[PDB]
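Report on one structure; see the data block that follows.
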Amino acid sequence: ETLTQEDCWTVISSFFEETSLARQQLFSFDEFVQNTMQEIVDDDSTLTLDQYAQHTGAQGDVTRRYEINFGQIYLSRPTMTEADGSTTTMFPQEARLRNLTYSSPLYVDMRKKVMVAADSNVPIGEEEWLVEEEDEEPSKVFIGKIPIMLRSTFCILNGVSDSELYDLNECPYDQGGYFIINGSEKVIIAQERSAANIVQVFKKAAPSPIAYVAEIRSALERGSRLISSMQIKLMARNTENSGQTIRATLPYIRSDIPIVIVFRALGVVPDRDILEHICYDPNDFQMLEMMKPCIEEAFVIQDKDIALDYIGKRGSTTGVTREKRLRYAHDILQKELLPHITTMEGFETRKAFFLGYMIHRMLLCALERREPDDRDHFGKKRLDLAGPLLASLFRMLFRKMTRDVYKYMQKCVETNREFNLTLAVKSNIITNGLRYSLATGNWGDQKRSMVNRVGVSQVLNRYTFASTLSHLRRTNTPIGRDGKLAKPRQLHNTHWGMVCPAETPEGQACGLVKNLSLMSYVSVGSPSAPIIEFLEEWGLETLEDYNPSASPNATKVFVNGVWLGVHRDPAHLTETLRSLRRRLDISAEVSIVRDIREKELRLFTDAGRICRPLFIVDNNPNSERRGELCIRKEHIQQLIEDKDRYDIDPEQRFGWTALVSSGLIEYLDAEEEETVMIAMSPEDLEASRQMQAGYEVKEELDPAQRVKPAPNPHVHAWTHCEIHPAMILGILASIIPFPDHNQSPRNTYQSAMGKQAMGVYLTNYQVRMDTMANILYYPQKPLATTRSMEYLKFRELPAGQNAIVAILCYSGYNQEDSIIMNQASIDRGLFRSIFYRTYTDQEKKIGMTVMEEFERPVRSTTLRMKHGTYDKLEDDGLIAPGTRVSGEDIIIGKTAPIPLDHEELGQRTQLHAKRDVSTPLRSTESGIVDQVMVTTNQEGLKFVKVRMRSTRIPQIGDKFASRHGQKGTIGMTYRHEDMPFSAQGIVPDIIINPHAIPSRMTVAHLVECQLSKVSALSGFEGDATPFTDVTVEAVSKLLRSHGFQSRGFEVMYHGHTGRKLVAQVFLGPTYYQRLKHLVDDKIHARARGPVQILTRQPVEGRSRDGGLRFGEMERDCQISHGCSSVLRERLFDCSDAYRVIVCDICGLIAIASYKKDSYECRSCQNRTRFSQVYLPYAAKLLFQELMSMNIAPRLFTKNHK
Amino acid sequence: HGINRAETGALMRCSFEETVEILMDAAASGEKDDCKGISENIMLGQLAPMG
Amino acid sequence: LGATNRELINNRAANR
Amino acid sequence: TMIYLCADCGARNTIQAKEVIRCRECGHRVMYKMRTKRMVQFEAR
Amino acid sequence: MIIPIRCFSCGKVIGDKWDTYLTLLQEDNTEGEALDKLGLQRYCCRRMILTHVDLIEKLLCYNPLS
Amino acid sequence: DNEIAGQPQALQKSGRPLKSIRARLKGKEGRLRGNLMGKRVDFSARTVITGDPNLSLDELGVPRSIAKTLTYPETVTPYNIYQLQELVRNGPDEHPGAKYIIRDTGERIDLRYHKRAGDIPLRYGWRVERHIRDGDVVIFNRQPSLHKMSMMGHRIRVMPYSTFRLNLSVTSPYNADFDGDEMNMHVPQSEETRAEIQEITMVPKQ
Amino acid sequence: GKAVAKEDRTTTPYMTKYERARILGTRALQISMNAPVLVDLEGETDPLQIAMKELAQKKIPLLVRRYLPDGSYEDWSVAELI
Amino acid sequence: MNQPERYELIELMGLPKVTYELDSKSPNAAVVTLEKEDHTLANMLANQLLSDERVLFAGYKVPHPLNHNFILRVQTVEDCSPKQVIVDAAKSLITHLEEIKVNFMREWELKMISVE
Amino acid sequence: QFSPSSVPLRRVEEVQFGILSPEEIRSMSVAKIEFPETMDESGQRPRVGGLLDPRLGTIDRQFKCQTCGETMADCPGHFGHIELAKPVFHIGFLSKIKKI
Amino acid sequence: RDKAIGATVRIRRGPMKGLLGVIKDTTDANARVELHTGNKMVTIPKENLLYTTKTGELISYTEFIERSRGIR
Amino acid sequence: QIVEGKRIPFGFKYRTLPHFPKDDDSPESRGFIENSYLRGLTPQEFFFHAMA
RNA sequence: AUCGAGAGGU
């Protein structure tokens, strides 16, 4: 009656049956579209304009009020309207092919209203509005187009079966979770931020004048979701002042207000009240002693009105009357102070209570009673997914659209023109803004590009199925990528189960870019009202009636960072809340953290909290199953039975949700993990349980197995248990076999290199015209596989091959991380691949005249024709599929008319009227035209895409890698006869050097080879899942059972001499990957060619025939060598040699005519004394740039002593 | 702070972290450069007088 | 929604 | 003149000079060119 | 894609055994037993039947026609 | 100077700060660090490196394609006129051959586009840009160039395949290995530079 | 700049490695431009090898003008240098 | 792109199949260069030569795997020549292979008759 | 190599930094720049006196600079001048001006 | 302007006999030819190439010149 | 396993992972891997080694 | 072409 690992994997299988790997993106977007858009519309629902009566002296002057109310929003399915005006439903593949944004139009119900003031003599603002005119029904008005995330509930592919996906040219394996903007796929990278409504106390480092700072980043639940931030700074002890003063930094205040003054502005004038707010214990004298100096500092202000005046004088406005200053101070104190607590009248008591709480926390850290906060604790951070981000963007864009509508109202009213609702809205605002933000990633308005966030949207990575899965689950921390702050980059303890420990890029973004674990769930947010209602009805004492003195031992209750009140029995409250969540009466995303030392009960329901699921251990006092998992074997058998059953209703099967709603699985975030005790496996629970039942928990232990620490006797109750430790890994770390037998940076290196492995990325790559694609001819699934691969679908779309690898020193061509590849194996298709590239062109147009034509250009009329071949183009200016092209051969023929007024030296004969703008093939590439797609673009102009294919056979210089960070290039290829063989005639496909193994300590590579050999011999698949009881001893026994040396060695013979090698070789199958780094993609040589126009130096880039940079370090190396002429050649004769004539009198470049051999300096009237200077063109450019700043850099060739 | 304080040629120092400021100072003081260093000769494309 | 999506996909020729 | 294939039908469409790219049994606005008439030879190594 | 004609290492023709391999599997034969019945003794020749993934069938589902 | 403190920047019509003269002269990419103390150079190849146990310590194995691209401008004299004539006869496409002939007046004959390239008698004082051949001297380096020993002289061996092949014991001064490293090759274009590379910079001397 | 007398010369009497590289390069460059060769040729075609064999016989007609830091200089014949 | 054509492993392109030169450094020593040949011929030829008493030295090398050829250095006693010992070893190997062939064919015929 | 010149080739031994005087700027200039335009009404040629004055240098491979008559590969580019309405501070020199 | 450039050709004699290609460039002696297979690119003497005509025939080099001259 | 020169830090409150109790200074809690690469790391050891 | 952003390589 103990849970097994097979049962754990059945539970995980159910999880992934009901959960997609793109679930976070999809659910966030669904939340944004279904709910957040309506809330954003409502928050700015009404627009009102009051036309007062100007005193023009004409009888008939009456004030008017015009009102526009924005109603419900309607989102249709994505559609396209053509040039001819026909409107059709649009499908993702057509959008990808024709470069169309896959967006759905949005309509909003607007209603208009006009009212007349009852009397015009009333003071402004007191006019009574009588209903004059009103729209009987609303007008459904198109306001914009929202890009639709693929596979979301509003996509055309939602609820669509596999067969219909094929009919649409869609891969059933594709998970969606992205957008199509102008044909390109864009994924929104989750953005990490610090949580709002949390008080964080930070110790400022010396010699900063501030000792400690308590900061809260207050955000309204839905009212723009984050505006105000406050600080409470304690100032450092000074030799002049015997005490430290507490000053509150508030929005829109130029100075730090002493805390007592802001308390008085809140009505807590008496000192006793203030120190009861701050120091809840009268008997504690250190707190009051530290508060005394600020009371001393703030005695000059003893009343609320004087405190408000003090605040107002320090507002951003100077030279204002006292009444306005007091009004402004009260307005700031009400609205811009702690808006998450409240923003409405009569709530100064709660804000004062929370301010006292913040001061108490900061002084607890200043007394060194509690440690400061950890800025990097994962439970204090939130992930903004597509939902929240698109919500902020749409709020901004809808505000801009409403401003436009209001300006339209004002302009129409001024001119007495009739107001039309349809003409009022500039629908281009929302459409263009969303399109621009999703396309460029620059997050915000086009006009605030520098201040906007960047890189929020990235082109989806279609190199391998696993790389795409990884890209859909990527988080970015917007820390400075140049500043060297190792702490944010480090792997925190709280990352356990939330972020992948291994998968993180190497380089500047190491540790900042993170990847969600397999079972990590990111909350989308839920209402806090039901939870507050349950708290109120269960005995929550409101904060208005709370008196700390009466109940100092009672526990503060927070919800979303709002101190709602105080409870007297927080244990029972917490058990009741947890029970409710365990029935889903409360949302499963709700964090219920009881902090016993701090006497707090924090509830969280907001979005962005990363959670992970865990088993629940039965802890009920009267239960007969103390210390045993709630989930029985019966529940597992139910999962197996309902997995296959399809006759059952799809929504009424027993699966993952049935476990959560039944109280057998619980989602915990990092905040709640701090209050739980988690067993690492059911066997650990059991061992602890016998240890606690008096049994010795002792037995004969397989010496080959991992050694675990003995069960801790100090642990008597476990609250949870992990479903499987292997779930702490990401997409790519879950493809590594035996990752727990490797040195961790090798796991990171494999996680990075698995993205670049060649395979089949989508099944529909044939019908997709991608810019770049690399496809493996004969992909094979690994012989050694992890159980997590079933959910990553690596067996379905693998990205490598099982090569027979021998670890041997054979001819010395595999040294320094090179490999030797069998040439016969290459000839038979090993690691062969296809490279597809796509060239896009289209017809342009300006005004009413088309200035481009897809045609076969003719030498006799087209000016400036390229040097490539125009003979492979067909009559329609294009190139047919199946033809062979190379280098600069033209694949698309396009011409542009020239203005009739242009006269280019007569080179443009009377026949020459056009100019060639054709598209040549890349100079460094050649192949066969695979495909030529022809269509029309959004503007009804012709639009062509030419896909070329080119087979790449492995050769010397091509990167290959194992799944263990073992990367190399091919150094040499030997044929079948020349390679070492076994007594069966097995010849390895690859030979790798032994020296790669010891230093790197990639023992997982050797264990993989042995296990793959066993599985190839026996046919059973090899389980390489981490943290299993699969030992090398068991694999050795299995291998010996097949008539092989147990450790994987084989007697091999020399191919050259047939002699039996003195050493026995480690030979067996290992999964290798062809990497996107091919030598021919990189080989580059330049003799001469293009130069930059400005500097006249070799251009940059292999693709554009550019030179290589001779940098500062190379110059230093040649200096230390002493090779003066080498430097002169590299930096002058080979880059930008140039000649000028300087005047020997003034030292400035002269006017030189070499044709006439006449030189002149008008300034000096010099025509005889000149010098010839050889210098870099960049030097002459620098000198001219200086002369443009009135600096005269003068070159004198003779010592002017 | 230390390298640019040295009384070396103007071009040699402007090649290090204070380019326009150093050039402006040299212009303001009417400064003269001997072209006896490495950076100056390399910039002017002449055979460096060293090695 | 699934049925509507199926209807829209299958008749894309007729609805065009 | 030039014949293209309806990306849905695969039906041969004889588009002419400056005509909307559309399928006449399938309304599809994406079509493909046809395999060239040139000789295609590949060595089997 | 489709099963390779010959093995990568041994050069043995395996392209005429994929159908036989699948048929053997349908008859309640383990993959090891089926490979034994196919006379694939070298594990290099066995790995390619064992680890082959048939993407040709999935690529044939995107037929422009029905 | 558009980076003045306390002033509004002169923005672009595309919402970008203007490129002031100070910005052109300033920075790593400025004139004095991106165009004067460092440059893009002609007659340089780059590619992946593999190992060759059969190469001499001072030899660099160069791909045929790179050898065909890069050329050395050898001056025609009574001592080489015959071999230079043979190289001109071979043409730019047959290695070892030649690509250009530079006359006394400076005019540049392109042997590919000259209809009768092979039938051109050579005259003393001309130059022939002949393919770099086995035994030619080149500078070879890897980045970052942390010390003198990261740019060393090598003798060419033009050979098949697309990688730079070099002796194993030379990896250490370059800090190079064959897991994907790419290295650069610079071809000296004068007798003086050749003498310097051969007499100071060569691998055995290092 | 004042030329130092042959007897007063204080610099090293050996050819420096930099001097050797510069001398060989300069002589090879001059030979490539048809400078008369001052040594018997056994069929050598590379100007650098011709300059090397001229050096071995001390037949390079070149001087080294070694400059002292103050500006005074010493002229050393390639033949007399060791 | 820089691949060599595989037919270059079998085509001489005008090179001589066998080159024979006298090693001047040593007496009665010769170097035989065989183009488009590899360890198949060289190994057996050198082993057969070393079965011979008149052969003081017999070794072979393949200077580079990217060139298909091999060098064979043979030194004999003063009373014989390297060329004669090489030819005698080659003739002996031809005869040996001929018995291998004949006996294989006879045994194969016997075994097949046994099958029937 | 470059086109032949009778002026002897010399090494630069002195970079004398200074400030261009107003008279130096006026005299060393070849065209007074007054018009903000680059192109002209006719369009076939830039504006004479604008910001692409042919006397100010050639950037078209077609034509030869009027100032020197040389191709785009031998014309270094000449300097114009703008007569300011009233003097303005040189931002690079502001601190030195203040100190003086 | 050579008339051979752009003409489909097969290799008559040599190790690469029987391979199809298109003459990208042509010197007086040899033609630089773009083979259809393996992205290969070769230089082959004009005399070593059969030329493909409009009717599918293969003709010799001298036949090609005699056809191009147009004398009849 | 050593992070910033010290044993694995208490990133939770007085524990390194939610699998140990508070104030556990034992070798296993703070990042001592008694296993070898051959034998395999336990999940806690795997995480600590990943941190290093 | 220019500019900006991003993904990568050693």
Side-chain angles (χ1 to χ4, degrees), chain A residues 162-163 165-173 759-760 763-767 775-783 785 795-798 801-804 822 824-831 976 979 982 984-989 1012-1021 1042 1044 1067-1069 1071, chain E:
Chain A
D162 287 332
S163 65
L165 285 163
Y166 290 117
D167 193 72
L168 290 175
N169 286 4
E170 292 286 328
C171 186
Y173 295 113
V760 71
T763 302
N764 68 329
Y765 72 97
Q766 290 287 44
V767 302
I775 303 295
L776 210 59
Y777 270 28
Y778 306 102
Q780 317 186 7
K781 56 182 175 166
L783 284 159
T785 67
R795 307 211 197 70
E796 274 67 58
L797 307 168
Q801 280 163 343
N802 294 271
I804 308 306
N822 192 335
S825 301
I826 288 166
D827 283 351
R828 292 165 200 146
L830 185 89
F831 288 122
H976 191 314
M979 293 178 71
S982 80
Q984 296 182 334
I986 308 293
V987 168
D989 288 308
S1012 295
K1013 191 186 190 161
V1014 172
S1015 56
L1017 286 165
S1018 70
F1020 292 113
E1021 214 171 57
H1042 292 294
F1044 285 87
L1067 177 77
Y1071 198 81
Chain E
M1 177 75 156
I2 181 150
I3 189 148
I5 296 288
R6 284 142 170 256
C7 166
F8 293 143
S9 299
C10 64
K12 174 163 178 85
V13 177
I14 50 153
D16 63 358
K17 317 207 181 223
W18 180 237
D19 199 36
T20 313
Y21 175 64
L22 295 176
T23 293
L24 289 162
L25 288 187
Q26 280 161 212
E27 283 152 80
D28 291 331
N29 268 342
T30 65
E31 293 179 353
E33 278 148 34
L35 297 152
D36 281 338
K37 293 182 183 293
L38 284 171
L40 290 176
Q41 294 315 120
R42 287 168 304 212
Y43 55 74
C44 77
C45 310
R46 289 179 143 244
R47 95 187 184 276
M48 293 177 70
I49 301 300
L50 265 180
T51 51
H52 172 249
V53 69
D54 213 13
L55 305 168
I56 187 76
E57 294 293 328
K58 302 288 206 221
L59 267 74
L60 280 178
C61 284
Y62 305 85
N63 216 356
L65 279 297
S66 183

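To find a chain, count down the sequence lines: A is the first, B the second, and so on, and within it residues start at 1. Atoms considered below: every heavy atom in the structure, side chains included; atoms not considered: hydrogens, waters and symmetry mates.
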Salt bridge present between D162(A) and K58(E) (N-O < 4.0 angstrom)
no
Would you mind telling me which of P779(A), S1018(A), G985(A), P1069(A) has the largest number of heavy-atom pairs within less than 4.5 Å of chain E?
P779(A)
Would you give the length of the straight line joining atom CG of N63(E) to atom CG of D167(A), rounded to the nearest 0.5 angstrom?
11.0 Å
Are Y43(E) and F1044(A), when compared by the centres of their aromatic rings, separated by less than 6.0 Å?
yes
Looking at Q801(A), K781(A), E796(A), which makes the most heavy-atom pairs under 4.5 Å with chain E?
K781(A)
Do you know which of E33(E), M48(E), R42(E) has the most heavy-atom pairs under 4.5 Å to chain A?
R42(E)
State whether the number of non-hydrogen atoms from other residues, nucleotides or ligands found under 6.0 Å of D28(E) atom CG is greater than 12.
no
With chain E, which of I826(A), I986(A), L168(A), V987(A) has the greatest number of heavy-atom pairs at distances under 4.5 Å?
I986(A)
For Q780(A) versus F8(E), what's the shortest heavy-atom pair and its separation?
NE2-CE1, 3.2 Å
Distance in Å, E1021(A) CD paired with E31(E) CD, rounded so as to fall on 0.5 Å steps
7.5 Å
State, yes or no, whether a side-chain contact exists between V53(E) and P798(A) at a heavy-atom distance under 4.5 Å.
yes
Greatest number of non-hydrogen atom pairs under 4.5 angstrom with chain A, of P4(E), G32(E), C44(E), falls to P4(E)
Quick one: OH on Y778(A) to OG1 on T51(E), what's the gap to the nearest 0.5 Å?
14.0 Å
Is it true that a side-chain atom of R6(E) and a backbone atom of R828(A) form a donor plus acceptor pair closer than 3.5 Å?
no
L50(E) and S1015(A) have their tightest heavy-atom pair at CD1-O, 3.5 Å
Where on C45(E) is there a heavy atom nearer than 4.5 Å to chain A: the side chain, the backbone, both, or neither?
neither
Taking side chain as everything from C-beta outward and backbone as N, CA, C, O, which of these in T763(A) sits under 4.5 Å from a heavy atom of chain E? Side chain, backbone, both or neither.
both
Flag side-chain contact, heavy atom, 4.5 Å: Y765(A) against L59(E):
yes
Structural part of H976(A) lying under 4.5 Å from a heavy atom of chain E:
side chain
Using modelled atom types and a 3.5 Å cut-off, is there a donor and acceptor pairing between side-chain atoms of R47(E) and backbone atoms of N802(A)?
yes
Where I804(A) and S9(E) come nearest, the two heavy atoms and their spacing:
CG1-OG, 3.5 Å
Does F1020(A), at its CZ atom, have more than 12 non-hydrogen atoms belonging to other residues, nucleotides or ligands within less than 6.0 Å?
no
Engaged part of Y1071(A) at the chain E interface, taking heavy atoms whose separation is under 4.5 Å
neither
